[PDB]
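Observations on the model geometry
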Amino acid sequence: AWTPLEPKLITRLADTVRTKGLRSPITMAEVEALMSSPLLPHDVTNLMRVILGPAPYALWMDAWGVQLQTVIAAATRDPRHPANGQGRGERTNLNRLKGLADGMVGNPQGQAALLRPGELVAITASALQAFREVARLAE
Amino acid sequence: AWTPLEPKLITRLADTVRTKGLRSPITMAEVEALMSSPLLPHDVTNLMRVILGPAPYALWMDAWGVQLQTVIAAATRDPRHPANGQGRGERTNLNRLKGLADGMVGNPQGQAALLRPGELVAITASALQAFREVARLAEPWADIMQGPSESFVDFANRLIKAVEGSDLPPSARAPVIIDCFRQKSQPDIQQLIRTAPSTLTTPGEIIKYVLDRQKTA
Amino acid sequence: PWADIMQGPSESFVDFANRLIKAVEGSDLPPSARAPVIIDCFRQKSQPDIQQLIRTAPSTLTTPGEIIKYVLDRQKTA
Amino acid sequence: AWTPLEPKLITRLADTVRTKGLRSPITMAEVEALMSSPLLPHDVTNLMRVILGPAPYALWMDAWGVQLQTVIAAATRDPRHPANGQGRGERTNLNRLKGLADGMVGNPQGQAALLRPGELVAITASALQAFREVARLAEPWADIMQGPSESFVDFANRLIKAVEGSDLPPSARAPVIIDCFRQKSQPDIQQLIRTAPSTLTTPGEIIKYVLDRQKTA
Amino acid sequence: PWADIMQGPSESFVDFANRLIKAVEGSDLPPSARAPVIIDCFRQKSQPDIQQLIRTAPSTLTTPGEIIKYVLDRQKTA
Amino acid sequence: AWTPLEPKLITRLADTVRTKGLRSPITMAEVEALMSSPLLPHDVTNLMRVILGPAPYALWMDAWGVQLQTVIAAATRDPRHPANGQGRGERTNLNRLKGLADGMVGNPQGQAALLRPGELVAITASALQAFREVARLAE
Amino acid sequence: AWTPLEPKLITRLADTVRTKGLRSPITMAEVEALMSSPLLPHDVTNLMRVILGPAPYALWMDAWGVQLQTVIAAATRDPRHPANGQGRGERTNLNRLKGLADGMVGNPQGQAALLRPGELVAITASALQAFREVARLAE
Amino acid sequence: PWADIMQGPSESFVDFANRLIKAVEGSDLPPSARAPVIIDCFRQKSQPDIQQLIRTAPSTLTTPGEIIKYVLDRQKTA
Amino acid sequence: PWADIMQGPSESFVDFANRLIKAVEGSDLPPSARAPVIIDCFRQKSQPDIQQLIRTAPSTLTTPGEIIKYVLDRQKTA
Amino acid sequence: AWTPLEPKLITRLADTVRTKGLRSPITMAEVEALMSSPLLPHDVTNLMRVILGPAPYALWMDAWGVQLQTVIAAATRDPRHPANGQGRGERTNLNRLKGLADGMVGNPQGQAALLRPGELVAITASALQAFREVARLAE
């Protein structure tokens, strides 16, 4: 069952990003805090939509896609990925990682249903690395 | 039984509207949050009275009336409305939607008594759409230039904001943002984008490239 | 005092409308005299650009909300 | 048997390119007209030598080579090309397409002898696409303003020309033209469009409305 | 002469309309040609502020009286 | 039998309108005075032709037509109008009110013959209201 | 069988429109000349694309649509239109007039196949009236 | 004379390239010396804005067509 | 002191590079920290024309010699 | 046995480079003179360290590396290089050309011991071409 993040925590994090900036160690610590439980693509996408401005959000979408593509290359380079399965029918496509696959587009409940925990942690680590890249790039 | 919304949440939402404005995505998210349970006309009316100023409140009353009238036209166009009933005696008049009907004027308890859940959700959706209209109305992309002293991320933020919060179709925002990056964004960055050995086909890619190769100053 | 409210040279129109409606509704006027006063104050205050914008209205505006909507539509973006 | 194109038609086409330019729709129509029958490499080469200046001719040679190389890649990707044959001995090399193969260099009769009709039509389509590329390259919408003394039909002509002859998708031209009519087109016409009792949702409708209610001066 | 009548830079509109209607009705035109001439003289004379005011009329004005009423309503008070 | 209004009274009223204007209470009182007996369309038309300038006269013709049209709408909304009759053959057309009907065009005697007293008082009240509108509009 | 108009005549007409303008009587005579035989929607559309600038072409598309809509209203007001038939299965839709119907989009040969001569003359008269409107409007 | 050709202050670049290629190919140079001369004349003529535009080319341009394409891409729209 | 070295407004780039490399190699830095410091001093000193020239390098320059070669190739002849 | 170049000749060559520059034909002739006998990597490296400034020395190191890499590509393209041998055990690596191989780093005697005469002449020609490139580049 999907539970959304508190809008109070999200508002506090947005104001933190607004006053301290993207690169302060306190901001990265707060992001790591709100990046503790494995989030669904819907959660991370809306979180970055709210805390980041328009141009940093575009940059972050780009960087997140690139990092997820690196993850999928490593996944096709190793059939023992915690997102993959043993047979070929469990291979994870980027539509399933970005939340674009069938039964997931716009629906967080179905998303949480079909996604694997390894998928969730890989998406989360990818999003964190992308946030780091964009923060280092913006300023 | 009617339970009022917390004045603490209402005060926080009012201050959010006061600092961030009516159109910020955080404000719309907060309104969607306080618009979660189906509200009675009394609740939404007092909520908009408190969070909105006088002139936006007048505009919102107008827009809410218009949207409720569209709803009632659709209701008389379909006898299977969740606010309607099967017989003609359950047809829902605008006095019952705006809370003006008999046994409802000024009394939220009686309101909650006589109203249907379909009535409540229709009123709530109408009020949300009216709030969106008024927010879009209360507060030009083709006039945006990068100032001589302005940084590029500020210019990109301002431009993307003005382009996405405008009347363009959703499928026309990215090409417009790109072509505005290319023609605005004073000639140093113009030449920096022009002499791109790779083809940049996304605002994010253009922003990344410019941030990499920009003249540190 | 409502009759002393003017739209400043740099003030936007929604702020002026908010201030004016506040001062008119929080005053000693009868309830049935607020809308005509708000309209006639929109027409005579609200510095001559908006005055001419309201004057040359092909439609007849008979409500403060309608005047506000019209002015917000056709206002000089600046 | 090879028959040359009339020098009268070629002279008329050259003067058309000289007065109207490379990108006018009348010029492209005339080129399509003289590109009706499948031409031999000699014909197209001499035609572009005559109608184009030196620098556009260099650009066109480059673009024609690139397009022919794409064609030959598609040909090696499909043995059923109308220029190819079934066996490997009919595979078509770029020397045969550009007219550089044995028995063809400088001789149009031998050229017409050895060439295939599929070869001819592929060469012709390649040359047409290369001409389009060079024409788009040889000669900004977001910088167009209506001058203080300029009429509105001239401004609309210039703006529609620059918007349709640009890199925008076809589905993004009308909204951009409308929003440029609204934000450019100096504040008298801006206010004239703003105070439109009807909603104008097409550049033609906006042009008609403005032409009706414009300030005669 | 009616075709030489212009609205002066400082003249009001009712004086200009009076002068023009006087000169048009007291002339050699047929009776069935006075109203169209008066209208088309209101549109082309009557210095460009009122010209643009008549041009941007959301309704179609088909009578000198209607044009006079419209202009008197929406005129720039000065 | 039709009796014309005195040109002396009309000249005095015209000079009153010329010096005091259209909107002064003395002018409206004088108009009410000369609007005492029910006038035929000929009388009111010539009166407004003489006392009003050309442009106010055009405005007044417009306003008089509009008010007479409102009167005729009320008349078709009530068959008991003092201008109407009981049967449908007495319904009053605008040609009969404006003096344009058959046997009335340009002839005040025939006008006075065919017109009803209710017709006369309705025409008179309409003309007075139109004069008020034009006076409020001119200045 | 469809035969295109000569590009020489079209070039001469375009230069006539360029030097004399849209409203000169010589230009209207030349347009009437090139509007002699009933043209297919493809022909008139390309002709106006070539001879008219971008903004006059937009205006002309609007006016042509309006005039064709008036024609279709008259057609549904009279089942004896030379474009219509006797039964309801021959009723002519605007997709068939503007060349947007099935089997006609972009293909002039199929266009000439399915279209009626009454359809062609109605389209032609509509286009001529639209050209007149736009010419009167542009200058 | 090819060695006397300069790009005028108001002249576009395609006109200058046309004139230069015409004068170089219609001259007494050997056929194998036209391309290097055209390139080195693009670099030293073609007033200093385009000179600096060609100088700061991240890629090496080794053909008049490539230089023309690059300059047409990155030229200062004016 | 290496951290106080700036390229003068009139100084050429090879003189500035010579002075900077001299002061960096004849200082108290470890041997493994000279190349990164020389690069980052080329990027932040070396007045903004050369700063932008190095910034907009389509290739990644990872050595002082490569930076010097690139700048000498694409420098503004003056 | 390794014999160093005279510091008197090196001082004269350094002053020649200082007064005449890098590109003068007299300077290139002097370099060709001091480039007569096949030099060990130590000799050429110290020579360029002394006669060239810091920035030209960096440029020259770059160019020398590139030219030596071209030489090693030609060497792997032909097993009959005077630096190579017949078997695969005599293939010459860039560590042996730049003097970085085992038993050579910093020791000119061991360098002269293990190096081949073909190796020496290839290194020398590479260094001369690199000097020419840097001289053409510096001014």
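About the thresholds
- Residues numbered from 1 in each chain as written, not as in the entry; some residues may be left out.
- Chains lettered and ligands numbered in written order.
- Heavy atoms only, no water.
- Residues with missing side-chain atoms left out of burial classes, pairs and counts.
- Helix = DSSP H or I, 4+ residues; strand = E, 2+ residues; numbered from the N terminus.
- Rg over C-alpha atoms; globule rule 2.2 N^0.38 Å.
- Domains from an automatic or database assignment.
- Contact = heavy atoms within 4.5 Å.

Method-wise, the PDB entry is recorded as coming from cryo-EM, at a reported resolution of 7.6 Å.

With that settled, consider the overall build of chain C. From N to C terminus, chain C includes four helices and zero strands. Ordering the α and β elements of chain C from the N terminus gives α-α-α-α. Compactness check: chain C gives a C-alpha radius of gyration of 12 Å against a globular reference of 12 Å for 78 residues, within 12% of the reference. Seen through its principal axes, chain C has C-alpha atoms that stretch 35 × 30 × 15 Å.

A word on the overall build of chain B. The helix and strand tally for chain B stands at eleven helices and zero strands. With respect to the three principal axes, the spread of C-alpha positions in chain B is 70 × 40 × 25 Å.

With that settled, consider the domain arrangement of chain B. When cut into domains, chain B gives domain 1 (1–138) and domain 2 (141–213). Computed from C-alpha coordinates alone, the two centres of domain 1 of chain B and domain 2 of chain B are separated by 39 Å.

Between chain G and chain I there is no contact, and the shortest C-alpha to C-alpha separation is 40 Å. For the non-touching pair chain B and chain J, the nearest C-alpha separation works out to 24 Å.

This paragraph deals with the environment of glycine 99 of chain A. Secondary-structure assignment places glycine 99 of chain A in the loop between α5 (94–97) and α6 (108–114). Sequence spacing of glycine 99 of chain A and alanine 1 of chain A is 98 residues, and the spatial spacing of their C-alpha atoms is 16 Å.

Before going further, it helps to spend a moment on unusual backbone geometry. Despite not being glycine, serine 46 of chain C has its phi angle at roughly 65°, a positive value. Position of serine 46 of chain C relative to the elements: it lies in the loop between α2 (34–44) and α3 (48–55).

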